[PDB]
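Included below are structure tokens for two forms of one protein chain, each presented in isolation as structure 1 and structure 2.
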Structure 1
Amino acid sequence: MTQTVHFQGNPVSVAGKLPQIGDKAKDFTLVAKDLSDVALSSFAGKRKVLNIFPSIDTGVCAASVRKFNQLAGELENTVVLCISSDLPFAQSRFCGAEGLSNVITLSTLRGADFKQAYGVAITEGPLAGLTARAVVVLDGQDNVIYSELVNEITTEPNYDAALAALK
């Protein structure tokens, strides 16, 4: 049913279960910056860092996208996917403004059942309808090699543990 994360300590309900090491991750379809629909299966044979966050237009989500963008640079055989409920238009504005060329931004504009399938759908309170903060790392065939449902939404995910799984 639900996971519990927090916002400045206040409990926030998140539906489903974040995928765990060993699970087969579900194929999903999300909206890329040209408004085309992009399936996880398009990335077959590459590893995938899914950096999931509430919104690129808030501060800690923006920090995680700069960070992963800088880290994507020296990753081997990996795509870094920045995923949220932002419209594709916000996401590309931010990456265009900040010179963040490595990440691929994807929106739940369409393909929203993703939130449900990846256990990141906030279901209650002022954040209901946004994704929680999470990192999922997937191998070339979409097996989970790492995941972290960030306990406190006002803190950044653990970048080093996430990318360790790629080594």
Structure 2
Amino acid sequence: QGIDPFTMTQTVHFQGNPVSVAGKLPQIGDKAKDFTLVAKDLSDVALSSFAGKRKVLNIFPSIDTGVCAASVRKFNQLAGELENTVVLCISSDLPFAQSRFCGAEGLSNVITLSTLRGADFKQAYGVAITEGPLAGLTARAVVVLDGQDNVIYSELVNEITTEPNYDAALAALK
């Protein structure tokens, strides 16, 4: 067989509890699957609309907050300031609730995208939370794509309130 039976199914932690996440996060070398998500004006935005640019897919359970860690904002700012790069902050919050994201608002080349339309992205990117109070939301993950949509960095955070490795994601773009 050409598959790994010993790689355990994706599990993340929330409130000290193991939570299942459907699918498999794309790994370095994989070709990222095309997706369509919803922007702040309710228009549909396809991954193909960013052809040639490097993409930082910064995936969150929710970005609907009035207070955030400086590191969240700093990573989005730094990545968005790099040449030929777009940061896509993705969550299940509706576009009406994403505009007040403490870590994305007013940042150059940082776009918020909603899972409102459609959930095929969640399965394709292995970020769908399927158990507990968070079921229906996306897990916390970072996926960096080069100019040709090849994965150059991938991280599914073990604990949902834990920050991903921002230095490693940025290093992949250098």
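Definition used throughout: the rigid core is the maximal C-alpha set that superposes within 1.5 Å between two forms. FYI, numbering is relative to structure 1, first residue = 1.
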Comparing forms between structures 1 and 2 after core superposition, the one residue of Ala63, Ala128, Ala44, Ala39 displaced by 2 Å or more at CA: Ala63
Rigid-core frame, C-alpha of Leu30, shift of 2 angstroms or more between structures 1 and 2: no
Core superposition between structures 1 and 2, C-alpha change of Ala72 at least 2 Å: yes
Per-residue C-alpha change between structures 1 and 2, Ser101, threshold 2 Å, rigid core fit: yes
Per-residue CA shift, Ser13 (Å; core superposed between structures 1 and 2): 0.3
